[PDB]
Amino acid sequence: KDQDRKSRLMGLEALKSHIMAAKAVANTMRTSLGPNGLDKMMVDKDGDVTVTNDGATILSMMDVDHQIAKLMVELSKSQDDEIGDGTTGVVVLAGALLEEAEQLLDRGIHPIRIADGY
Amino acid sequence: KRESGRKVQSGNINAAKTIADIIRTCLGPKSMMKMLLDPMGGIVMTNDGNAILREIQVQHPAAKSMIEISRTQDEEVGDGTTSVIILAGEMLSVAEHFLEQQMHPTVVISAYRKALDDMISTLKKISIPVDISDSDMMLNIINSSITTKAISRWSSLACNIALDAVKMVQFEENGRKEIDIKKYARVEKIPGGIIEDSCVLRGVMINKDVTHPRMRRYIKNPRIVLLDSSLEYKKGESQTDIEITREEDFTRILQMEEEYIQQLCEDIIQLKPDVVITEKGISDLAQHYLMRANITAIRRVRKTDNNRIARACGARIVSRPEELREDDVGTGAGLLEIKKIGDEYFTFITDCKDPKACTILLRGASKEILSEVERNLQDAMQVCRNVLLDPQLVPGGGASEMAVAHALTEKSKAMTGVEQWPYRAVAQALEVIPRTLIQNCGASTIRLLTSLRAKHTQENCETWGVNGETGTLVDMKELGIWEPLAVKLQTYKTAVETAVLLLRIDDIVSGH
Amino acid sequence: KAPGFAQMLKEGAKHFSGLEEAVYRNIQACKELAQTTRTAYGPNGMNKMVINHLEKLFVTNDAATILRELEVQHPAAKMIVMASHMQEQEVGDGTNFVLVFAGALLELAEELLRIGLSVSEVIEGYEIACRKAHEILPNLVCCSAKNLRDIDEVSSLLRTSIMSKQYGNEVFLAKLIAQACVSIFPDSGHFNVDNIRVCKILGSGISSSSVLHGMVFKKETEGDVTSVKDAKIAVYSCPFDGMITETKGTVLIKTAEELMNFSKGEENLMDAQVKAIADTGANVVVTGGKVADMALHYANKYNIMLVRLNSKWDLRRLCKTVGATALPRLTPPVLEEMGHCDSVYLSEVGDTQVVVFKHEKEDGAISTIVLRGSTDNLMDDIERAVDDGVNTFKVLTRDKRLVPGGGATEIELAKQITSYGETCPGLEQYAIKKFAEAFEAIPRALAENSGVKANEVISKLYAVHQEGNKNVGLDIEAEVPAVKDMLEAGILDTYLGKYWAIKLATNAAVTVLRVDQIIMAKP
Amino acid sequence: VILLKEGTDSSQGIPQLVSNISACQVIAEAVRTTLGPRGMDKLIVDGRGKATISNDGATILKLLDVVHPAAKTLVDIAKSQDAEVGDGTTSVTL
Amino acid sequence: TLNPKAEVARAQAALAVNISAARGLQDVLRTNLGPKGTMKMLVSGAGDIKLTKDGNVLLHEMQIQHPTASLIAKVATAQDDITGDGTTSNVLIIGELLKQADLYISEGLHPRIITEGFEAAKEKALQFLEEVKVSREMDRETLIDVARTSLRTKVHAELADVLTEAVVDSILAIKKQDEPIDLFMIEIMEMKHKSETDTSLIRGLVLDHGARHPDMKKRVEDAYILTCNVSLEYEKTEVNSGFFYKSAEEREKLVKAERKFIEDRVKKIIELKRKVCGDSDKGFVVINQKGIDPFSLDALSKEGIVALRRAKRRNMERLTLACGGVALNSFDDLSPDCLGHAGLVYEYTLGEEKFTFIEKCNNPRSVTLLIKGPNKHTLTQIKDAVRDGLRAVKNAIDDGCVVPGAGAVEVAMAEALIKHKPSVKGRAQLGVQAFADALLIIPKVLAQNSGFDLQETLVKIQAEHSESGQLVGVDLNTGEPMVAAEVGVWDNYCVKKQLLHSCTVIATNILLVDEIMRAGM
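Residues numbered from 1 in each chain as written, not as in the entry; some residues may be left out. Chains lettered and ligands numbered in written order. Part of a larger assembly, values for the part shown. Heavy atoms only, no water.

- Per the deposited record, the coordinates in this entry were obtained by cryo-EM to a resolution of 3.8 Å.

- If you check the PDB entry, chain E appears there as T-complex protein 1 subunit zeta from Homo sapiens.
- As recorded in the PDB, this entry has the title "Cryo-EM structure of Human TRiC-ATP-open state".
- Entered under Function (literature references left out) in the UniProt record, the comment concerning chain E runs "Component of the chaperonin-containing T-complex (TRiC), a molecular chaperone complex that assists the folding of actin, tubulin and other proteins upon ATP hydrolysis. The TRiC complex mediates the folding of WRAP53/TCAB1, thereby regulating telomere maintenance." (UniProt positions renumbered as here; feature names shortened; annotations may be inferred.)

- As annotated in the PDB entry, chain A carries the name T-complex protein 1 subunit epsilon and comes from Homo sapiens.

**Digging into the sheet that holds strand β3 (residues 186-191) of chain E**
What links the strands of a sheet is backbone hydrogen bonding, and the strands pair in either a parallel or an antiparallel sense.
Residue and element names in this part refer to chain E.
At step 1: Taken together, the three strands give an open sheet; going across it, the order is β3-β12-β4, and neighbouring strands pair in mixed fashion. Since the sheet does not close on itself, it has two edges, and those belong to β3 and β4 (200-202), each with one partner. Neighbouring strand axes in the sheet, compared pairwise and without regard to direction, differ in orientation by 30 degrees on average.
At step 2: Where β3 and strand β12 (residues 367-372) come together, six bridges link them in parallel fashion. Note that in β12 the partner of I186 across the bridge is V367. (Pairing = 2+ DSSP bridges. Helix = DSSP H or I, 4+ residues; strand = E, 2+ residues; numbered from the N terminus. Axes fitted to C-alpha atoms, helices over the stretch in contact; angles between N-to-C directions.)

**Looking at the interface of chain A and chain D**
Size of an interface: often given as the accessible area lost when the parts come together.
At step 1: The interface is formed by eight residues belonging to chain A together with 10 residues belonging to chain D.
At step 2: Of the roughly 720 Å² buried between chain A and chain D, counting both surfaces, carbon and sulfur atoms make up 60%.
At step 3: The largest per-residue losses of area from chain A upon contact with chain D belong to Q3(A), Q67(A) and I112(A), which jointly make up 50% of the total buried on that side.
At step 4: For the pair chain A and chain D, the interface holds one salt bridge.
At step 5: Where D116(A) meets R38(D), a salt bridge forms, and the shortest distance between an N and an O atom there is 3.0 Å.
At step 6: Run the count over chain A and chain D and you get one residue pair in polar contact. (Contact = heavy atoms within 4.5 Å. Buried area = accessible area lost by both parts, 1.4 Å probe. Salt bridge = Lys/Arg side-chain N within 4 Å of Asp/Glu carboxyl O. Polar contact = N/O pair within 3.5 Å; in protein donor to acceptor, adjacent residues only side chain to side chain.)

**Overview of the packing of aromatic side chains**
At step 1: Counted under the stated rule, the structure contains 13 aromatic pairs over all chains.
At step 2: Here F101(C) and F439(C) contribute two aromatic rings whose centre-to-centre distance is 5.6 Å and whose plane-to-plane angle is 25 degrees, an arrangement assigned as stacked. In this pair, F101(C) sits in helix α4 (residues 95-115) while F439(C) sits in the loop between α13 (428-437) and α14 (441-448), placing the two residues 338 residues apart along the sequence. We note that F101(C), like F439(C), is buried.
At step 3: Chaining the aromatic ring pairs together yields one cluster made of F97(C), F101(C), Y126(C), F435(C) and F439(C).
At step 4: Directly above the ring of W313(C) sits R316(C), whose terminal nitrogen or CZ lies 4.7 Å from the centroid.
At step 5: A cation over an aromatic ring shows up here: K133(E) above the ring of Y493(E), its NZ or CZ 4.4 Å from the ring centre. (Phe/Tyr/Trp six-rings, centres within 6.5 Å; stacked < 30°, edge-to-face > 60°. Buried < 20%, exposed > 50% of the residue type's maximum accessible area, 1.4 Å probe, protein only. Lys NZ or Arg CZ within 6 Å of the ring centre and 35° of its normal.)

**A few points about the pairing of strand β1 (residues 39-43) of chain E**
At step 1: Burial analysis of β1(E) places five of its five residues in the buried class, which makes it a mostly covered element.
At step 2: In β1(E), alternate side chains face the same way, and those of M39(E), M41(E) and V43(E) on one face and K40(E) and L42(E) on the other are all buried.
At step 3: When strand β16 (residues 515-520) of chain C meets β1(E), the two strands line up parallel, connected through five bridges. When the sheet's bridge partners are listed, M520(C) is paired in β1(E) with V43(E).
At step 4: Examined bridge by bridge, β1(E) and strand β2 (residues 49-52) of chain E share four bridges and lie antiparallel to one another. Within β2(E), the residue paired with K40(E) across the bridge is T52(E).
At step 5: Between β1(E) and β2(E), which pair antiparallel in sequence order, lie five residues; one of them, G45(E), sits at a positive phi of approximately 90 degrees.

**As for the UniProt feature "binding site: Mg(2+)" in chain E**
At step 1: The positions UniProt marks with the feature "binding site: Mg(2+)" are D85(E).
At step 2: You can call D85(E) partly exposed: its relative accessible area is 46%.

Here it is, written out as structure tokens:
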């Protein structure tokens, strides 16, 4: 039920919209990568203020409605049990693979074929 | 909000003229009908000029004064009301001398007041006396209201009903010959029978119902006791009710209640009367002593109704039942009949004596006929009242208005000044009465009205009126349109006074 | 405000003026109703997708079902619908006949009224030609039933009635309905459609269906009692549970000790209630609601058979058969309200336990046709085909006369009436010739549903009927426009089926022509 | 004033059959790319907010619940495909 | 020139509004005149469909939107209450009088002169009707022609002959020796599940509630009728007492004590049966209106009594006069003097309920006309046709004079008015000329509904002239002039007499309305 007012995104534009939503998270954390990376301002729902450059802490405090953006956050729980430091470097690397994949979709290459190349 | 300046007097004319323009065709036996749309979609086709203006909502204040004065006229005389508004609207219908000529109102008002005294003196010259001893001459006079009605078959009976009733109420010893229909002439209706069975009862009939089966059904010499106070246990000066929460005290209050009621009822039956008539109500404990004496219990009788009984059977009004003397008796009453007539309880105190009052009994087959016979005899009694006050008749059918219009024209030649112009306008304003009679018939208005003025110039003004049914010219000595003088005098005095009252108001101000 | 509305004096009811021709727009309403059911006529009729008022998806080609689901709000269109309700009386077929034929009369009546003929002459023209149709119809009777009560003959007649309703099952449903009908026929005048009750069961397919005697219910026996001859049957719609009085009866449960007391009390309440049933001598109890677990123990304790029927209509069938009413309270001991049955036992057919209510001593017309199907939508339509098949032989309980089907009589009867209209002078010949052309609507609607050109079929039918060859109807094929003999094919209709159908459809079109204006009124 | 349907939506003929054909292609379009072991997946979120990810054709058709009457027919055929076989619902629908 | 929140028409346009209202109403009701006319549909809005040609029903029941046309609807109500027929021809004449007068009013003629022409023409047409009526004695052959003429208009010309013998026979039985006739002596009943052609006579009265018991006799040849208002069901204590009980069982024991008063009265019914005609070939019937206890039904059923209960007021009223049983309010006064007599009493079983037939009576002074039909609205249409047929025969027997129909009288009156010179006013002849052409609308409308030409039909019937009396009328089937007296077409005298009085008064008052004012609207 509830077929009316159902948000649907399909076609080739659906992939380019998912990449754009993923690049929004990667472009945010790429400035905080490294020891000289700039910090981020956090305003809690209760009014608290904290400042940290830690990437794993940022992803936990970011509230994103988009579904693909939520998948990027779930990756932090898996990496923190291993590295816990360069977690930002994985999000930046994930955003670079999708950004260069946008140029390949214009050439007509199938997405599964692109994933096999990586 | 408010109006000031010449607009008030110019507005009062259009307000009075609009109300008059409706009923212009309601005058005469051939008068046209009208149609009223109810808010729910109903239609009322009545041609009565009194009912039309009663249901019409009028916004302007002067339009209300036109209706309120006409309603007062209906109380005194039930005829000629439509002619009052037509004349009151025609005298104000000429605005030339009011505004365009720039004449001051008091100059015009002085012209109407001088013309009013001339219209009165002219009617007394052309009038004719009447012999009130002959009932045949009174027959054709009353037939003016009886014509075009369903009582035309019983018309011969309808004349004797209104004639003998008013002659009883008339008291000529005082010198003013005062007659009051609303009290002494009081009428009630009797279900059952036909129109022929309707007669004139000599006495005062009471509609009080029979509460208990024990009463006097028929008496040869009734006895009536009149007292104002009600029969009840004596209370205090206030209306506070008696509340008793104890049983021992209930026996003390009940004993006082039974003692005083039995004491007053004992002095009433000491004279052994046939009935007890009280002004106020009667309780249940008092009726137990009335049914034991086998006498009729009558209550709720007003002061005027009791004053007529005292002069009939020779009764006397006493304040309290304990003070009743032997002077209060019903000796001289013809009969006492409580018998049911037409499935309703009636009481007949009727006798052989004339206590300046009577009672009209309306027989009929249905309530629809009773309502028709009632209203037809009401104005007929007022016709009898107007004739007995001033036994003089004037020619109708428009001959009276034209006879006065000829006298005003001839006298205006000797009048010198600016008042002669509005003084002549009254003579032409009286021509509206014969004009509507011809227009309703269908004949040409200009041709007949012009030849009518030539008749009053040469021949006598007492004759040569206008026939309403045929439309031609006929003398009023050969036709029964002769009308009482008291009606025409009251009509002209009201039409002029109303026209003057509206000209005197130059401003309308809202405030309290 | 002038100018005012044309012809409307009453309650704002739309009144068509002279140039508006109120008669035609009333015909237009009845014309659209025929177009909906015109494509459902014949064995090739298209299925209709119907949404029930309960938002259930139903697919059926039955015309009577469409008129129930589709609400007809037009007054003049209700007259044809009400004529269809009278069509279901005295015969169980001919519903599609009235809807198509009554519309055919009104479509051709529009052509006559445009010529300027009076509406009164059109009315008199149909009533005269209708009497000629009732005289010719007996002469068109070819063969009649042998009245042998043989399954081969009984199943051979159902081939036509089952056709146009359930296709492809014509062979199977012919013998199944025949076995149930041949049981009652030995009883003279006792045959009734209400005596044969149909009970549908979810299963593999129609091939698994069978025929049984008595009243067969799909619900098994809750008790362990196999067979009992007890005639006392008490139907109880109240479910079995703890007995509660109609008074207050407040039960206060505080501690676990009292919880076990009132728990055992319900076992004692159900004990005395079932005991009162065995005291009256009733070993058969029908339950409309659920059944408690403890009630199954007392049922076998007193050896009382228990029947659990969840359907409400299944309970009303017992109330009008054995006469056992369903009381609101829990097992009232009333003998007067019970029923009577000669034989009661549990049976198994198709790997399913079924309960059988029949009369061994008394003959009875009671019989039950068990149906099986995968889809309830397709299985319910089979029940509609059975009622039309059983009602077909309810007419043959009267005089047995058969007429050819497949539009064979429609061409033969239209050819004879045309001859009488030509010999009859005056202005009545116009309405008679149009009455004969109204018969052409059936073979056209039958050919269009089969994918065959209509004008080609009508041309061939007049050629073979002109030479004197009767019994020639329309052959049903997609690629073959030609025709074949109906008598050898086994397609035969009912005499009284056509007789009452022509009479009712005639008066339905006449009444519409009599009403020239529709006016709304207020109470 | 007097109307037969009174808000009743009904249509027949050729346009009604063509409208049903276009509705059946929409149902087959969703499970179209999910055919095969290497086929792409789908993401469906319910009212609770959780996302379901899989290429299974039987699971996707259950979550769609299309209100179109002709679309419900193809959905019901997939349910009968599970009882008889248990796979191939994507192939039958497509 | 008017007050706010109202409207007034000062000029003659107020008269033109009323004329347009009559012309609009004339065109609506002109199509239902005659048997060849069409029918109007009555939709109550709740789904009830009613079909009738009666003018009184199409007016009184249907509310008209236009205010002026509603007054004419109230006139047809008083029109049907007197004669019972002619409501359709009443409106058609009023519409034509206002139409023909509009030609002269537009020329400047005052309406009062036209109204005087109607009064002079009404007296001339009324005196001419005196010579037209026929004084012949009413017999069975004439009443059939009067019945067929009245019924043929309200039916399909099918049930006519079926309803013809039912209406004529019901009137002849209730009137003997010039006795005043009352239509309340005839009862109308309706049954379902039967064809419309099954309507027949009922000599007795049809009762609603029958007898309930397996042993009730389906038919009883002879029996006596005992009228009772007493209820035999459970009743409280008749004497002075109260409810004294120590349990629920003791309260039921007082029930048998209270029932003893009724049970002893039930035995009195059995005693009276055996005392008066309690032998074989006899019976007894209980017509008691109130309810009867089922146990009392069993005691009376074993004796051969057919019990009745839960009756109505109109039923017991007719059973009192027909059977002769005196109303008995207490069984202590039970005596054989209150017993009546009745013939064969049987209950005909329908497809649903059962009704009781008291028939085969000597002189019950009551009968019943049973109507049968497939639907509800068909029963209503037939019931209206019966009462319209009864008043047609009643007026024909009461007034021994009948007049020819088929528009023969209206054409004959139009000729005498044209040859009549004005007896009152010279200009009053324009009203006579307008009233003369208005009487010709009756044969014109009959030509339209028959499908013929309006002009050709009127010229032929007017061209008929001879030395002796010749009365011709419009023939619907042929179209040629036809004598209505020879073919058995007759109308009542009071109907034609009332139309001249009603059409003159109503059309006059419409021309007498000078202005239309809004009061409170």
